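Here you'll find one protein chain in two forms, each presented separately as structure tokens under the names structure 1 and structure 2.
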Structure 1
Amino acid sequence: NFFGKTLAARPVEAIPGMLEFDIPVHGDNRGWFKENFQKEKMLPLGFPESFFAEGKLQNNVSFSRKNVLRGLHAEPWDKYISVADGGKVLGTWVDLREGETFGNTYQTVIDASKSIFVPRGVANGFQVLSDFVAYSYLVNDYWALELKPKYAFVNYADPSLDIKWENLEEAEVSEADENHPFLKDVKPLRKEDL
């Protein structure tokens, strides 16, 4: 149940537009190999062609140790997330879009044999379960620190959120993540905000 999975997608019913993928990982002598993202194979499974249409592309990589927790971040771009090494995280999502699904959540364990498409407006987070993990993701717009005040965030430790972190009490978080607003102070995102 890590190697040799069939490429396949499942909708995440709580969060419209989100897709969870099984990625084939091929193992041998040396280690392993995957096609982490393959546009031609993934469009027919539901990966949105609208992802690449502005022609923008950026690939970010974080490397985190045990109990690090990063989130929850809902910037105005789409994300394709996966793990790039032998590590594992608890992936956590909260929908911050205006409407009936505001505050809807989903959680799942992500290793290199799973990926997630996260629509713009859905807050993304994770906590590391392994000793360390390489988290790699593709995005279709460009971040700027000076612009950070305009993106949406919600505080990881708000107890009204319908999530359970692996280890909240011992989480290693950034100063920024300690200070994001609680859910009751987040304005839901309209298509106009993305």
Structure 2
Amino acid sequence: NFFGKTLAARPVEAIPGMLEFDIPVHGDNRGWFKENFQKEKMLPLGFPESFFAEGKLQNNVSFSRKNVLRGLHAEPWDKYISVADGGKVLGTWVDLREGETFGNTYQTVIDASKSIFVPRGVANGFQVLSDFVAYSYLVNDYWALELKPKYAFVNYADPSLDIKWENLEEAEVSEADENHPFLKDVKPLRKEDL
């Protein structure tokens, strides 16, 4: 369930606006290639035109080792998340938008054959499952002081979240991520904050 998939998108019903994509990966264990993002094909599958509305683009990459656990961060921009190497992560999302889906969750394994569109307001995180992973994402806005109040964070280890991690005991977590508020102390992101 890795090579040769048809390019396709599925909405995540618990988190409005999120999309999971199957990405065609061609080859085998020795090497492969993919079109990780293709704007002309992905728009008709539901990738939102609003992603492109301001003409802003940034691609970040992090290279991380097994058991690293980052999150859960709702940064004030949309994100398209992918894996660029042979690794894999347990992707994890918690909706922090005010409304009937506040606190809703989704989890899936992200590898080179699966990508995820995450709307602004949905907190993102991952735990690295493979020995290492190249985690490559696109965003549609740039850091600005005025955006600082528009972030929201929730603690990866709040046991009331409808998520589980692969290896909570051996997780390698930043000091900041250890100290994010539990869900009960998150101020839901209002329409004015998005």
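Reference numbering: structure 1, starting with residue 1. Just so we're on the same page, rigid core means the largest C-alpha set that superposes within 1.5 Å between forms. Only residues modelled in both forms are compared.
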Upon rigid core superposition, which of the listed residues (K150, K164, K41, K56) is displaced by 2 angstroms or more at its Cα between the two structures?
-> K150
With the core lined up, does the C-alpha of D131 move 2 Å or more between the two structures?
-> no
Please state the CA displacement of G27 between the two structures in angstrom, with both forms fitted on the core.
-> 1.0
With the core held fixed, contiguous blocks of 3 or more residues moving 2 Å or more at C-alpha between the two structures run 28-30, 143-150
